[PDB]
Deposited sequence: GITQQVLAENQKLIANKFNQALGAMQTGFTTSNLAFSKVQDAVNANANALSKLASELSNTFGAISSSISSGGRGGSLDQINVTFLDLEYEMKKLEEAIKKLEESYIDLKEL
């Protein structure tokens, strides 16, 4: 019936949205891993530059991304909790 088409399309919407949620979780998890790597690399190279300049007035800048990565984790958790079970 047209109502059966309504039910089918509604199930399709739920299916597509849940798959898209999976994709977004992947994207944000990967962005967080990359941000961790970026923070660590910049801070290691800042420490290297500071050590070298100390050997021989140069101040190096350090990166702190903890709050941002925590926020990304919270967003991923919300995405996990936003899955849909049609009755």
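Where are the gaps relative to the deposited sequence?
Coordinates drop out over 1, 58-78, 110-111.
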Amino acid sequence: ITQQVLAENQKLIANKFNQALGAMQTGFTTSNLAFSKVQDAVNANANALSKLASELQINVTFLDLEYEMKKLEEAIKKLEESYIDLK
From here on, numbers count along this sequence of modelled residues.
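Out of 41-49 and 26-34, which one has CA B-factors that are higher on average in the deposited record?
Result: 41-49.
Comparing average C-alpha B factors as deposited, tell me which of 59-67 and 12-20 sits higher.
59-67 has the higher mean C-alpha B-factor.
Residue 86, C-alpha B-factor rank within chain (lowest, middle or highest third)
It falls in the bottom third of the chain.
By the record's CA B-factor, is residue 1 among the lowest, middle or highest third of residues in the chain?
Highest third - that is where residue 1 ends up once the chain's C-alpha B-factors are sorted.
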